[PDB]
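Notes follow once the structure below has been shown.
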Amino acid sequence: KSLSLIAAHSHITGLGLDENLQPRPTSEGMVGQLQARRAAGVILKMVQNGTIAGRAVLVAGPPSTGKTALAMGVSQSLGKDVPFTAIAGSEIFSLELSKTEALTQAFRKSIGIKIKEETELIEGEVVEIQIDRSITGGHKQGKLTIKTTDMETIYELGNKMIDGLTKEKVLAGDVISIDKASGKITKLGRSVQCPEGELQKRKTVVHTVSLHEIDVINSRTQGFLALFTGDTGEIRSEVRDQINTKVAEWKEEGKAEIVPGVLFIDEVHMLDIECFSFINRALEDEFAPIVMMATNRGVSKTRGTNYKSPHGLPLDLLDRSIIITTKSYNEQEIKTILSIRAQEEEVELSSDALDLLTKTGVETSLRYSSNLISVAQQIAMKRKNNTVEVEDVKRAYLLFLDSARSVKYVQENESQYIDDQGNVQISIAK
Amino acid sequence: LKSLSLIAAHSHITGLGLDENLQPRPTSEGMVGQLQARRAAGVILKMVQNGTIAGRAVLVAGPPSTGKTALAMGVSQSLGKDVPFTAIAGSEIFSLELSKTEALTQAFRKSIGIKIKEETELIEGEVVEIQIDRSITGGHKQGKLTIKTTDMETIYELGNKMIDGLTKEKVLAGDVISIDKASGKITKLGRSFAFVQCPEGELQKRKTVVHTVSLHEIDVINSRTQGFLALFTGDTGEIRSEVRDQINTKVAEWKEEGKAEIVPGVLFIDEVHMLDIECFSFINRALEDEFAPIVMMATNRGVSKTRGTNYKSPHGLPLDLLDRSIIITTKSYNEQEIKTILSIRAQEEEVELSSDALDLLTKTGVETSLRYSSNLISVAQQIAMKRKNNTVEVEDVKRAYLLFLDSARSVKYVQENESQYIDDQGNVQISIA
Amino acid sequence: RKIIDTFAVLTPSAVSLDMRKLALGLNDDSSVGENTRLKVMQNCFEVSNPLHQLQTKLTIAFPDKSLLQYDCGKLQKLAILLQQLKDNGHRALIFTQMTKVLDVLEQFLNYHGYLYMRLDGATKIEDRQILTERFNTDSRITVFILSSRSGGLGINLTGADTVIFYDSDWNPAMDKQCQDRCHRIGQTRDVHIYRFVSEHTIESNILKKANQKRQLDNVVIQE
Amino acid sequence: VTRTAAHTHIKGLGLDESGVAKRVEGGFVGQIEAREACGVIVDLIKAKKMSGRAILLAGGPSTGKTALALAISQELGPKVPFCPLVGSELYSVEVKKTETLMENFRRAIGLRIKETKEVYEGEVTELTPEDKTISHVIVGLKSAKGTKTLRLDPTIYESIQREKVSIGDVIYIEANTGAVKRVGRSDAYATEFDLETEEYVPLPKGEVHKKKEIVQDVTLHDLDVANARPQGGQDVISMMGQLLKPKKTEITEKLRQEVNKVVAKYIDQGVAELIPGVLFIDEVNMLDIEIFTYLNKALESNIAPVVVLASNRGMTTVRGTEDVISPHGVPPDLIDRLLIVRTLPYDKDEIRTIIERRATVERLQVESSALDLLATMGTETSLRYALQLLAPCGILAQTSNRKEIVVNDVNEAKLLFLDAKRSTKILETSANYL
Ligand SMILES: Nc1ncnc2c1ncn2[C@@H]1O[C@H](COP(=O)(O)OP(=O)(O)O)[C@@H](O)[C@H]1O
Ligand SMILES: Nc1ncnc2c1ncn2[C@@H]1O[C@H](COP(=O)(O)OP(=O)(O)O)[C@@H](O)[C@H]1O
Ligand SMILES: Nc1ncnc2c1ncn2[C@@H]1O[C@H](COP(=O)(O)OP(=O)(O)O)[C@@H](O)[C@H]1O
Ligand SMILES: [Mg+2]
Ligand SMILES: [Mg+2]
Ligand SMILES: [Mg+2]
Ligand SMILES: [Mg+2]
Ligand SMILES: [Mg+2]
């Protein structure tokens, strides 16, 4: 019950690799890209190993290849209890927060800490409640009886037990479960309840907390209000250094174990050079998570400089990083992807509509066909049949136009559209 | 009465000065000339006085010394009371604490007002005597006083808050009060014999009170409690649009129920040429809203480069703004109209001028500019005043001409003395040899 | 206070309770001590603020006394014609069917501040003739409220010149008697009888089905 | 009476049940493909399943893009939330444009809830501690049909002390919220004093405890602001909680995860129902490259609904870029996930029906000679100049006491008011920059 409507990235559940790391053709929503899924499986067992750190990887390629879908498959095959941070490249630009300290905030958000402890719990059915107070003095004196299948005893209560017992309404028929260390009462069921087992049991509780939370909490008291309201930023590095030595001492004492998480940055091409050199230093730190980058642009001019650097990134970033590239798909793989999108969207398609939709998916793009499969079931639905016909795909093709077709229409109608200098012919004659 | 009025450049213009058939007179209500501009401005005047249409923008253009700002001043003066008029600058929307778009939305909410009326009761009458009753230890005051007029004289018993306001505010038997029942506050207006008071009429009367409040005030008030302190201190800005949407449906429900009637006001923006393109596209959307006032613009610059872009767009505005707007243009004046304008400025400034000083002042007003002659008429009465006569002579106008130099004459003096003045590269000859 | 009381309408319809206690750090469990929240809540408990009118006006939307006539379509033009008959120096009668509009009409007539006397089945026999002779003689009472079955059948009111009907169920003989209580022998002025019919309602279909059928008798209203 | 400002003549798209659009229907003449395709977008919002779909409307001026935007906004209805927005409005200096853009993506969606609340009212009899104390107050509310005593918190008792109530005052107390409103002194104490500032209200009819259910709708962004910052209260700690930090900040993703976590718990209980909405962005060519690149990842996000764009340019330079030339001012990666609906222009007779139907909505009477003259001005100057000159001809008809628009009135409108090309032709001849 993670909230799941129909996404572009909803059908991809897991990387879908074997024990020998050779990818299947059709497995777990991912079809094609054998080398990218195998190398992404090497990254997956790199996170699952956890013995190494401070490594950056890059996933590049043309559009309609699924590098963000590959990182989504890595995050979905990562499982629970491991933190995954997915931020944007333009998300670090802020006015109240500096870009470098926000990038440090993401680098502290990526890695978490597991801390466990043991607590006692007494769960059992209440027979009757007999409190005792005074009309003038006070000093309440509580007594009630706790019962289970093989134990039935009377428990005398203190002041705070009657404080929590009178601030929260409870009956004889109502059944409680009391923690001794926490002091709060769990009024679970009344005579749901149908209990078994022993009366007093001790179980272990495990809490997962990232290093960024400890950073803003140990910054100041109102850093918790800044943890919820988001008004944090520019923490002093003495909290980071003493927190690093405290975390290393917790690892040496065996109290707290940490989980190496993955940091994913989307659209890393338009990043500042200060953040580039800051990554060039921060990749060599001790507590440095595995960084996956998705450079989406081409060769152009980097923001902050005048020269056109190749890849949109300086070579100091690309020297200490590994690069995975993706290739284009065949004609059959577009039909397979539209078939598994028909299985994800719960859309029954015909063979000829899948062939024509595959042809217009090869000709124009993947995304236009991946939306024409959605609207084709609704042009079919207006005819009150669940079967999708070729007439719905042809109507959806003549109605929803491609980008290149309206590029031809714009170049044919340049007098209608406004030019660069603001000139526009809003009339017809003269 | 008693709007603060010294001698302004725009003080003599009082009203548009048009007839019932909208044909303008030659000399009427301070405005002389510009027949087509005053007639079209009268069409805008009856457009605001009609109020059945909205969401329209107009533009008044022309060369300098034509009075497009004076034409909009004549529209605002002929508009009368109870209609809101907002006159802002083009560079006024640029702020650091406030965004330019939300400040422009704030002006668009400032332009339109709402009239809401209600009825209250009032008891006004002369006091005969006051007899309160309290206790030295307990409290619980018990007030009694007598209220008298010409045809009624009765004793009124008072409550706790009547003695609270009656002892907070000092009053006597001779002093006369006028009490509102709903408000609960006392108006100690006059006193009897040694004040003003000399009252007539009935004792208890009910009259209606009408309050006028713009939509921007309701926007910042319904934003938060300290939006009233931001309404006085001016520390407002960037209001959430749920207040604007629910306030629009609440105002439309008040129009449907007949409770609140609104007045379509006029929005005037001065120096609209140096405006950002974001405000241009924001006007291009905001002109099509339902509650959109009539907008009058005064583009003052020429054809140049718009701020925010690199290309030189014509008129200093994009064509998306000028497509949905009407444009009124003004022309230059004749030689006689400058003498008529200087004559009515002599009537406004209370300056008695001679015929030859008006002829020479008209000639130097044709040659140089309107404004230089419109200030030489002011200083000529004072060069005349140093000779202790109220009559203005031609010697005062010639002395005021040789003393106060024109811009083109000192342009010739600057071009003759370029070694004296500092150049573009900072070079300056501060020596002689 | 009047502009605040009249112009503050909107409410923050979405809120989270017990967030006000946590935002300052004073709750049942926090990093602060035990009498920090007590001494802070006491110094807060003594210090007052002048913004409580805007606070109470912004927390809950106040349904003030003005919405009695604005939630009714019949009460929109009723006060306008009462002002028109007030400025022309005329008196009016009001005949209703049920007693639940009588108290609402008493609160409306007390809101607009006229002089009225109500006669219905909840009154006594002693005040009925005195309330009749008070309206029949020359006085300042403009509107006299009656009912259909109790006081609109056999009285001799000659003072009023206007009959106002809110609703009429049966009108071949029964509603004619109510307007015939006004028109009597002792009236020298013409009787102007009004009728309140809504738009696109059942009462809009009653007179439209009765105008075509020449108003004999109604059986079933269906449209 | 009725205000008409370049709108209110369109009551929707006006499509048939088969799908074929009529020529003259619902304030529209011509434009079959954009209206029928726009109705396909209307059904696409009525699907309540689709997300991430972006359809831009590209065309020239006076072609009907914003009118089609009011046609889809009117065709959806009041139950579907519509968020009008301009791309020039997304620039902010308090927070980034990213927070306003993703925040607007949280503004498009709606979510209707149903909940019951308890209503208490009555005349105050006693305000006294219980019997011994920590200072709480039993408030005995005397209603008409019942008399009950209730124990309250010290905060709502503090607001009771704020309202200056006493023995015999009618109050209004809400159980779940804790707000206190005073109605006034009861009618039994009206004869105690002859004049009093406190108005006298009657006793409230009915019981003491009342319950009702509301079908109130509230947007998910309103729940996000309710989860972000304290709004108001009647106590000192709540009002100072507002007064301390009222400046709006950026919202983290985990907060939205808890908001839609408990919202998903409310939809698991069957209480609420999630319905998507529409974010309509005006003048997309005015956006920066950062908002475009965050729109690339934002359209790949889940909760981003059907967003309709409107761009009126072509192969121009993107704002924030120097050498990038792309169609519509949109980068080609965002244009690849975009859908273009081409807008068709109008002929002379269609301009005549625009001026005709706009004249009937404007309630003005136009003669046939002035209708043909306004048709020639519609085919000579612009459409907006003829629609702009519909009103001054009626104004000159009002000053000339005529009920119909004549030839001399529209020719007088040609003399008093000038179009674009006459203004440029006049400004071509300049003595000193005319
Ligand atoms: N290997 C794959 N398996 C399934 N779907 C894919 C794959 N590669 C690409 N896609 C499709 O591509 C679309 C998104 O492409 P995207 O990852 O945005 O490309 P880019 O990252 O280059 O912009 C998704 O709708 C997805 O269905
Ligand atoms: N029709 C007129 N009647 C009287 N004075 C006028 C008229 N037109 C312009 N003026 C004069 O012009 C001056 C205002 O000029 P202004 O409109 O500020 O110039 P610009 O148009 O360059 O801003 C005023 O001093 C006013 O006396
Ligand atoms: N097909 C049409 N039928 C009727 N009126 C139209 C039509 N197309 C455009 N209009 C009118 O043109 C006016 C301006 O068009 P607009 O939507 O502002 O164009 P754009 O979206 O290009 O700015 C609108 O007020 C609208 O009433
Ligand atoms: Mg990508
Ligand atoms: Mg280095
Ligand atoms: Mg000017
Ligand atoms: Mg009889
Ligand atoms: Mg538009």
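Virtual Cβ from ideal backbone geometry, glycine too; neighbours counted across all protein chains shown. All of the numbers you see were taken from the coordinates with simple rules; none came from a lab.
Select from the range D:225-235 the residues that are surrounded by fewer than 21 Cβ atoms within 10 Å (Cβ to Cβ) and farther than 17 Å from B:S223 by Cα and list them in ascending order.
D:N227
From A:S94, A:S4, A:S75, which residue is within 12 Å of chain D (Cβ to nearest Cβ), out of contact with any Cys (no Cβ under 8 Å at 6 or more places or on another chain) and within 19 Å of D:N302 (Cβ to Cβ)?
A:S4
Considering only the range B:25-66, how many residues are near ligand 2 (Cβ under 10 Å from one of its atoms), crowded, with 17+ Cβ neighbours inside 10 Å and not in a loop (DSSP other than H, G, I, E, B)?
Result for the range B:25-66: 6.
What is the one condition in (1) surrounded by fewer than 21 Cβ atoms within 10 Å (Cβ to Cβ); (2) assigned to a helix (DSSP H, G or I) that D:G241 does not satisfy?
Evaluating D:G241 over (1) surrounded by fewer than 21 Cβ atoms within 10 Å (Cβ to Cβ); (2) assigned to a helix (DSSP H, G or I) leaves (1) as the failure.
Which residue is nearest to ligand 1 (Cβ to nearest atom), if the candidates are limited to the range B:72-100 and must be among the polar types (S, T, N, Q) and not in a helix (DSSP H, G or I)?
The qualifying residue nearest to ligand 1 (Cβ to nearest atom) is B:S99.
Among (1) farther than 24 Å from A:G112 by Cα; (2) within 16 Å of ligand 4 (Cβ to nearest atom), there is one condition A:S277 misses while meeting the rest; what is its number?
(2)
Filter the range B:10-58 for residues that are polar (S, T, N, Q) and more than 14 Å from every other protein chain (Cβ to nearest Cβ); which is farthest from D:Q398 (Cα to Cα)?
Of everything passing the filter in the range B:10-58, B:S11 is farthest from D:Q398 (Cα to Cα).
For the range D:308-338, what are the residues that are away from ligand 8 (no atom under 16 Å from the Cβ) and within 25 Å of the chain's Cα centre (by Cα)?
D:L338
Residues checked against (1) of a type in the set (A, V, I, L, M); (2) outside any helix (DSSP H, G or I); (3) crowded, with 21+ Cβ neighbours inside 10 Å:
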{"position": "D:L68", "(1), (2), (3)": "yes, no, yes"}
{"position": "D:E75", "(1), (2), (3)": "no, no, yes"}
{"position": "D:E89", "(1), (2), (3)": "no, no, yes"}
{"position": "D:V93", "(1), (2), (3)": "yes, yes, no"}
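Just the residues that are of a type in the set (S, T, Y), more than 7 Å from chain D (Cβ to nearest Cβ) and within 36 Å of the chain's Cα centre (by Cα), please, taken from the range C:16-71.
Once the filter is applied, which keeps residues that are of a type in the set (S, T, Y), more than 7 Å from chain D (Cβ to nearest Cβ) and within 36 Å of the chain's Cα centre (by Cα), the range C:16-71 yields C:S66, C:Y70.
Determine which member of the set A:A56, A:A36 is within 16 Å of ligand 4 (Cβ to nearest atom) and touching a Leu at 6+ places or on another chain (Cβ under 6 Å).
Being within 16 Å of ligand 4 (Cβ to nearest atom) and touching a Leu at 6+ places or on another chain (Cβ under 6 Å) holds for just one of A:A56, A:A36, which is A:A36.
Go through the range A:292-318 and give me each residue that's within 16 Å of ligand 4 (Cβ to nearest atom) and among the β-branched types (V, I, T).
Scanning the range A:292-318 gives a single hit, A:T295.
In the range B:216-241, which residues are of a type in the set (G, A, S) and closer than 17 Å to B:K100 by Cα?
Hits for the range B:216-241 are B:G234, B:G237, B:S241.
Taking the range B:210-246, which residues are within 26 Å of the chain's Cα centre (by Cα) and β-branched (V, I, T)?
Within the range B:210-246, B:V210, B:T212, B:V213, B:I218, B:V220, B:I221, B:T233, B:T236, B:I239 qualify.
Check D:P276 against each of (1) buried (at least 19 other Cβ atoms within 10 Å of the Cβ); (2) within 12 Å of chain B (Cβ to nearest Cβ) and name the one condition it does not meet.
Tallying (1) buried (at least 19 other Cβ atoms within 10 Å of the Cβ); (2) within 12 Å of chain B (Cβ to nearest Cβ), D:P276 fails exactly one: (2).
Count, please, the residues in the range B:172-203 that happen to be within 11 Å of chain D (Cβ to nearest Cβ) and either outside any loop (DSSP other than H, G, I, E, B) or within 15 Å of B:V128 (Cβ to Cβ) (or both).
3
Would you mind stating whether B:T69 is closer than 23 Å to D:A6 by Cβ, of a type in the set (S, T, Y) and either in a helix (DSSP H, G or I) or at the interface with chain D (Cβ under 9 Å from one of its Cβ atoms) (or both)?
Judged against the criteria, B:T69 is not a match.
Among the residues of the range D:113-153, which ones are surrounded by 15 or more Cβ atoms within 10 Å (Cβ to Cβ) and not aliphatic (A, V, I, L, M)?
D:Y120, D:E121, D:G122, D:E123, D:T125, D:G140, D:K142, D:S143
Hey, which of the helices (runs of 4 or more DSSP H) in the range A:227-330, taking only ones fully inside, have at least 3 residues that are surrounded by fewer than 17 Cβ atoms within 10 Å (Cβ to Cβ) and within 16 Å of ligand 5 (Cβ to nearest atom)?
A:273-282, A:315-319
All but one of (1) under 29 Å from the mean Cα position of the chain (by Cα); (2) part of a loop (DSSP other than H, G, I, E, B) hold for C:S204; state the number of the condition that does not hold.
(2)
Considering only residues that are within 24 Å of the chain's Cα centre (by Cα), part of a loop (DSSP other than H, G, I, E, B) and either within 14 Å of ligand 3 (Cβ to nearest atom) or surrounded by 21 or more Cβ atoms within 10 Å (Cβ to Cβ) (or both), which ones fall in the range D:21-46?
Hits for the range D:21-46 are D:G26, D:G27, D:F28.
Each row is one residue, and each column tells you yes or no for (1) away from ligand 8 (no atom under 16 Å from the Cβ); (2) within 14 Å of another protein chain (Cβ to nearest Cβ); (3) under 23 Å from A:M72 (Cα atoms).
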| residue | (1), (2), (3) |
| --- | --- |
| A:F278 | yes, no, no |
| A:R281 | yes, no, no |
| A:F287 | yes, no, no |
| A:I290 | yes, no, yes |
| A:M293 | yes, yes, yes |
| A:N296 | yes, yes, yes |
| A:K308 | yes, yes, no |
| A:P314 | yes, no, no |
| A:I324 | yes, no, yes |
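Going through the range D:21-55 one residue at a time, which ones are within 27 Å of A:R367 (Cα to Cα), aliphatic (A, V, I, L, M) and more than 9 Å from chain A (Cβ to nearest Cβ)?
If the condition is that a residue be within 27 Å of A:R367 (Cα to Cα), aliphatic (A, V, I, L, M) and more than 9 Å from chain A (Cβ to nearest Cβ), then D:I32, D:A34, D:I41, D:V42, D:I45, D:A54 are the ones that fit.
What are the residues in the range A:174-207 that are surrounded by fewer than 16 Cβ atoms within 10 Å (Cβ to Cβ), within 30 Å of A:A256 (Cβ to Cβ) and β-branched (V, I, T), if any?
Residues satisfying the conditions are A:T186, A:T204, A:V205, A:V206.
Could you check how many residues of the range C:13-38 are part of a loop (DSSP other than H, G, I, E, B) and either surrounded by fewer than 18 Cβ atoms within 10 Å (Cβ to Cβ) or touching a strand residue (DSSP E or B) at 6+ places or on another chain (Cβ under 7 Å) (or both)?
Residues flagged as part of a loop (DSSP other than H, G, I, E, B) and either surrounded by fewer than 18 Cβ atoms within 10 Å (Cβ to Cβ) or touching a strand residue (DSSP E or B) at 6+ places or on another chain (Cβ under 7 Å) (or both) within the range C:13-38 amount to 16.
Kindly provide the set of residues from the range D:279-310 that are within 14 Å of chain B (Cβ to nearest Cβ) and in contact with a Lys or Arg (Cβ under 6 Å, 6 or more places away or on another chain), ordered by number.
Result: D:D282, D:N285, D:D288, D:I291, D:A310.
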